[PDB]
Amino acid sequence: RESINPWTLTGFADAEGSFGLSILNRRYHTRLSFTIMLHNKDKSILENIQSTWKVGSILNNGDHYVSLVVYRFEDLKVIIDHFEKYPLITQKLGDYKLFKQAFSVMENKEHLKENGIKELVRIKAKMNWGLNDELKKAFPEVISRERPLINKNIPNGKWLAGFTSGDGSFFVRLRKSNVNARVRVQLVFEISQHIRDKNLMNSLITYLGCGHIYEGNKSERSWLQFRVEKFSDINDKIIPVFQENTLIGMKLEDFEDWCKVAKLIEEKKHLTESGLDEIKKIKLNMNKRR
């Protein structure tokens, strides 16, 4: 199994990973973990992450889903080494930090003492979705949840390839002209993301030299889109970036099909019946995969 470039691995973790701190009434169960859950079609990504890290278990989740779970205490140390040298970039970095704090508590066995469990609860309260009702009623003293916002730049193209392989999308639009009858083609690249990382997403315009940020009304949704629709930007900026910075998983196959369409458009063949037919065949290939 091929191994993933370390920065590409961190990008994919920014997109799809999850740091978990479970605190359950057994006396208390305490379980730190890092988890990536994907559809079966991208199990190879998890296997390649597994062999790159040499830690974690791959488990099936129902018939359609699969997840890589790192939970062994010693394995947690491998994850922390990786993320110190190749740190997260999104607000998830703040969950990694707290995760690393909880690992330090448990490493010192401080979670066995009374004040230990309370210390983990103070950390978990700031992780992900906070404390459940149970832990709130048992620890009414733990009130603080606000943590510092992350503000980091895109570090490099390999990180972007990993992030894009998780939260990105390469797709081909066909629009039948309601004014005429000719079918148009439009290549689109889009990354969507929760507005908590609006600054990072906005920096994509500067990093890539193209694109637009689209938002709804503040009441409508909590996520926004980065999108490129102008073909000369697709062809001259987006494609070379991901030829250099290799995608992983099914997103790599989408990108390869995507570039076949780009080449036809560059050759003006999208305005002929034979070129349009080939683009429809490529799009059929993409719809099948995903």
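Residue numbers here begin at 1 and follow the sequence given.
Counting the unmodelled positions of the deposited sequence between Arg26 and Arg27 gives a gap of 4 to 9 residues. Here the stretch with the larger average CA B-factor, out of 132-140 and 167-175, is 132-140. In this entry, 27-35 has the higher mean Cα B-factor, the comparison being between 27-35 and 261-269. Ranking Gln193, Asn108, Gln91, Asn199 by the C-alpha B-factor listed in the PDB entry places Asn108 at the top. In the deposited coordinates, the residue among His82, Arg184, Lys218, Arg122 with the greatest CA B-factor is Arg122.
For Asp42, the recorded CA B-factor ranks within the middle third of the chain. Only modelled residues enter the ranking.
The entry lists a Cα temperature factor for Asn235 that places it in the lowest third of the chain's modelled residues. The deposited CA B-factor of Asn287 belongs to the middle third of values across its chain. The entry lists a Cα temperature factor for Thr8 that places it in the lowest third of the chain's modelled residues. In this PDB entry, the Cα temperature factor of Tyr86 sits in the middle third of its chain's modelled residues.
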